[PDB]
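Undergrad: this block holds the first chain(s) of the complex, placed as they are in the complex; more will follow:
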Amino acid sequence: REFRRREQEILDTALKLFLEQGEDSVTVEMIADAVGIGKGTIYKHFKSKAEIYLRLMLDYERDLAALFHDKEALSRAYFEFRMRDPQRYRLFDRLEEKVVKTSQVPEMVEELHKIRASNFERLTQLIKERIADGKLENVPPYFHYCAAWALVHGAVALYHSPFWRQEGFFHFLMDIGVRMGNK
């Protein structure tokens, strides 16, 4: 458990330092110095910094997979998962070109693509159900999840524009996604 605990403590501080100052800036030694562990004990978990990037994204899908385990309440919770903390989204967006596109450690890039596809396959099911219940305007479900993606992607860019300065607006965005494409 203590090893399982330390692996999370490394990743929690890792992602934190990855939101403050640039993920290009933070080194493995910085993470090892920030967590309070040894400069060599950190390598007992992750073999490189790109491997931290990959697991940082695997738990994201592992959490979205847990969320998929009420059709309206769990549809709203989906947009909470995507639109909360848009800096995590923009970091993974940049990380998508560095470690995933350039399959560094292909073992995890392999695993990642699977849980993204499993998470992708768990979404249309909700879509076809909300369509089968006459709530979502009956269209090809590929119409829906593209519009859902095209709104969380634009909301992260919205939250990153010179427009930061907020809760009722966030709930207004969620009510948009739930009522989006509704019959």
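TA: Yep, it's here. Residues are numbered from 1 along each chain as shown, chains lettered A, B, ... in the order given.
Undergrad: ok, the most centrally placed residue in chain A to residue A:144 distance?
TA: With distances taken as C-alpha atoms, centre = their mean, the residue of chain A nearest its centroid is residue A:60 (4.5 Å). Distance check for residue A:60 against residue A:144: by C-beta to C-beta, to the nearest Å, it reads 22 Å. To be clear about C-beta, it is placed using only N, CA and C from the backbone, and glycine gets the same treatment.
Undergrad: same question, residue A:120
TA: Using C-beta to C-beta, one gets 13 Å for the distance from residue A:120 to residue A:144.
Undergrad: higher neighbour count, these two?
TA: Legend: neighbour count by other C-beta atoms under 10 Å for residue A:120 and residue A:144, higher for residue A:144 (21 against 12).
Undergrad: not counting its neighbours along the chain, what's nearest the more buried one?
TA: On the basis of C-beta to C-beta, 6 or more residues apart in numbering, the spatially nearest residue to residue A:144 that is not a chain neighbour turns out to be residue A:127, at 4.8 Å.
Undergrad: same question for residue A:138.
TA: Leaving aside its sequence neighbours, residue A:138 sits nearest to residue A:131 (C-beta to C-beta, 6+ apart; 5.1 Å).
Undergrad: burial measure for that neighbour, as a count.
TA: Residues lying near residue A:131 (other C-beta under 10 Å) number 20.
Undergrad: thinking again about what came up before, quick one: buried residues of the strand or helix carrying the residue nearest to residue A:144?
TA: In this structure, residue A:127 sits in helix A:106-132 according to DSSP states H and E. For helix A:106-132, a neighbour-count test (16 or more other C-beta atoms under 10 Å) marks A:108-109, A:112, A:115-116, A:119, A:123, A:126-127, A:130-131 as buried.
Undergrad: drop chain B onto that structure:
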Amino acid sequence: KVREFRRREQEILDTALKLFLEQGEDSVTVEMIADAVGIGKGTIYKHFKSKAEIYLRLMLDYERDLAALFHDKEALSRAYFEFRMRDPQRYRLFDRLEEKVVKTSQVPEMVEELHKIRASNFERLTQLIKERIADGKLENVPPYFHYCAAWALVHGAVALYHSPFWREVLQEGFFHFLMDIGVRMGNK
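TA: With chain B now in place:
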């Protein structure tokens, strides 16, 4: 004489825009624009003294087009999202030129005007939202809840229209699906 000059300028404009899309703005020069039209090397300089001037002129006519658009409210809200999502690459190109010649005030006489119409166009769409709120169709929240969410749907759609997914979305029905979403988003 002003009509043939206003027409050749429009021809240079369409030719300059068609070449920035096919080839990218970073490789099209004034000489290539002036040759795909078929005019001399210095006659295109009688219209614009810089490719940057052509840059800001393209974004200026975009806002001029939008100014003529805000001239019913439900039919006006649709024609907006049509104007915004039509030709997403122009928006994508203008997203780049916003950093090249708008951030860097190359020819600041045009950047000043471009910022004033963007403020005048912003006042118009804000009144469209205020009109639909005060009338009673849109939910009575700050109009900033309405055009910020409207800005997000337009942004993520052109980013959807450029993803490796775009062999499919380029349709008429999914386009009309997004604009049903846009007009119905934020309703009471």
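Undergrad: C-alpha coordinates for whatever helix or strand comes next after the helix holding residue A:127, PDB please?
TA: Using DSSP H and E, the helix or strand that follows helix A:106-132 in sequence is helix A:141-160. C-alpha atoms of helix A:141-160 as PDB (Å, rounded to 0.1, in the frame of the first residue of the first chain):
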ATOM      1  CA  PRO A 141     -25.000   9.200 -32.600                       C
ATOM      2  CA  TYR A 142     -21.800  10.400 -34.300                       C
ATOM      3  CA  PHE A 143     -23.600  13.700 -34.700                       C
ATOM      4  CA  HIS A 144     -23.900  14.000 -30.900                       C
ATOM      5  CA  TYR A 145     -20.500  13.100 -29.500                       C
ATOM      6  CA  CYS A 146     -18.900  15.400 -32.000                       C
ATOM      7  CA  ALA A 147     -21.000  18.300 -30.800                       C
ATOM      8  CA  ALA A 148     -20.200  17.300 -27.200                       C
ATOM      9  CA  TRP A 149     -16.500  17.300 -28.000                       C
ATOM     10  CA  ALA A 150     -16.800  20.500 -30.000                       C
ATOM     11  CA  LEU A 151     -18.200  22.200 -26.900                       C
ATOM     12  CA  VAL A 152     -15.800  21.000 -24.200                       C
ATOM     13  CA  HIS A 153     -12.900  21.700 -26.600                       C
ATOM     14  CA  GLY A 154     -14.200  25.300 -27.200                       C
ATOM     15  CA  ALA A 155     -14.900  25.800 -23.500                       C
ATOM     16  CA  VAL A 156     -11.200  24.900 -22.600                       C
ATOM     17  CA  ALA A 157     -10.100  27.500 -25.200                       C
ATOM     18  CA  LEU A 158     -12.700  29.900 -23.700                       C
ATOM     19  CA  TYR A 159     -11.400  29.400 -20.200                       C
ATOM     20  CA  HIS A 160      -7.900  30.000 -21.500                       C
END
